[PDB]
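Step one of this worksheet: look at the structure below.
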Amino acid sequence: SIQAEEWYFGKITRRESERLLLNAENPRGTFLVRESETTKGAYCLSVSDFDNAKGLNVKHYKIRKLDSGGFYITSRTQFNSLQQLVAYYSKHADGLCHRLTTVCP
Ligand SMILES: *C(=O)c1ccccc1OP(=O)(O)O
């Protein structure tokens, strides 16, 4: 049940997700999952990042869900549940700005 996950923030806006993530205390990979503002049936993974070029900044990735029942950011790497997707990206950075580390405070 996606709604029971502490990293699932539900229906909050993109601007709100940035307000929460742009905190100097958040290390790289601090994240949250929310509903997309514009895409019905898609979720959004918002992630904090930090580099000397840009300093602290936030990236947003669209998580698609198939009717067939699979979750993915890239169609080449699919998961049976959102929870499995989060667990996988907490170990592999792949194409993300950083691996997922901590749930947004
Ligand atoms: C995720 O839903 C998403 C992905 C990438 C950039 C922005 C974004 O958000 P909104 O879909 O809520 O605009």
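The sequence shown maps to residues 1 to 105 in the authors' numbering. All residues carry an ideal CB built from backbone N, CA and C; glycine is no exception.
Item, Value
"Cβ-Cβ separation, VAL58 to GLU5 (assumed contact under 8 angstroms), whole Å", "Not a contact, Cβ separation roughly 20 angstroms."
"Proximity test, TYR88 beta-carbon vs ligand 1 heavy atom, cut-off 7 angstroms", "no"
"Cβ-based burial, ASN52 [other Cβ within 10 Å; buried from 16]", "exposed"
"contact_flag[the region 28-35, the region 94-102] where n(CB pairs < 8 angstroms) is 3 or more", "yes"
"Cβ neighbours of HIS60 in the same chain (closer than 8 angstroms, five flanking residues each side left out)", "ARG14, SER17, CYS44, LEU45, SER46, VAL47"
"Beta-carbon spacing of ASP49, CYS97 below 8 angstroms", "yes"
"3-residue-minimum beta strand (DSSP E) runs that sit fully inside the region 23-79, ordered along the chain", "31-35, 43-51, 55-65"
"Inter-residue Cα distance where the pair is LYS54 and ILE12", "25 angstroms"
"Same chain, Cβ closer than 8 angstroms to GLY10, five either side skipped, listed in chain order", "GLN3, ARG34, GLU35"
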